[PDB]
Amino acid sequence: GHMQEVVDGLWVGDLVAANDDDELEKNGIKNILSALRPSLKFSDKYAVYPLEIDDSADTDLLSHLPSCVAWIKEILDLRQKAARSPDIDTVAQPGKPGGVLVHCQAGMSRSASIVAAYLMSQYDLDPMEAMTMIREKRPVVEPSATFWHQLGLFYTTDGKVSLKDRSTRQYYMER
Ligand code: VO4
């Protein structure tokens, strides 16, 4: 498939998956975390978090990870009750009661890194443990080198991006 379910209600996938409304409906997905530039035009059937970032060696994903993690938590909590967090960027639409697909163009780097950050925060995993958990469902995932580094910074600071950490401050200084 073009998307795979990592844990209950949380999917990672590619550009094909984001456009396949049949598969999204069949799996009860009503939220899309869309990590792509330019942003796509989605139907209002979905709540969408447009993350306008590239998959480049100088892309800053770290600054957005607390917002991404909090948005996924907002959705999955709401989905369970059906059966705002100050961390969430205001461009993220209010979560709807259903699953969430996190996607980029290929479903390997931006999207897998965002899902890994969520798994690190939710299950107290380190980046490798998180990424292995995803890879066992979607074997092609492979963060870029800079995303692996940024996941390490996110791990160190317990998911609050703090520049009291030397390495995090250094990352932002070099940018
Ligand atoms: O389109 V993604 O390259 O960040 O797998």
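Numbering (our numbering), first residue to last: 2 to 176.
C-beta atoms are modelled at their ideal positions from N, C-alpha and C, and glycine is treated no differently.
**Request:** Return yes when the Cβ of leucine 79 is within less than 8 Å of the Cβ of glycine 10, no when it is not.
**Result:** no
**Prompt:** Are at least three pairs of beta-carbons, each pair with one atom in the stretch 15-32 and one in the stretch 102-115, less than 8 Å apart?
**Reply:** yes
**Request:** Assign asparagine 20 to one of three DSSP states: helix, strand, or coil.
**Result:** helix
**Request:** Excluding the 5 residues preceding and the 5 following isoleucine 89 in the sequence, name in chain order all residues of the same chain whose CB lies nearer than 6 Å to its CB.
**Result:** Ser68, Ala71, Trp72
**Request:** On a CA-only basis, which of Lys165, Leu154, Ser168, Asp166 is nearest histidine 65? Give me that one, please.
**Result:** When only C-alpha atoms are compared, the closest one is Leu154.
**Item:** Exposure label - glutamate 26; buried when at least 16 CB within 10 Å
**Value:** exposed
**Item:** Local conformation of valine 49 per DSSP, three classes
**Value:** strand
**Request:** With hydrogens ignored, establish whether the beta-carbon of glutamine 106 is closer than 7 Å to any heavy atom of ligand 1.
**Result:** yes
**Message:** Please identify the residue among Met132, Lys138, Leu126, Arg139 whose C-alpha is closest to the C-alpha of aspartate 159.
**Reply:** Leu126
**Request:** Go ahead and pull the three-state DSSP assignment for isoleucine 30.
**Result:** Strand, per DSSP.
**Request:** Compute the minimum distance between the beta carbon of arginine 136 and the heavy atoms of ligand 1, and state whether it is under 7 Å.
**Result:** No - ligand 1 has no heavy atom lying nearer than 7 Å to the Cβ of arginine 136.
**Request:** Would you check if there are 3 or more beta carbon pairs closer than 8 Å linking the stretch 35-50 to the stretch 131-138?
**Result:** no
**Asked** Does DSSP classify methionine 109 as helix, strand or coil?
**Response** coil
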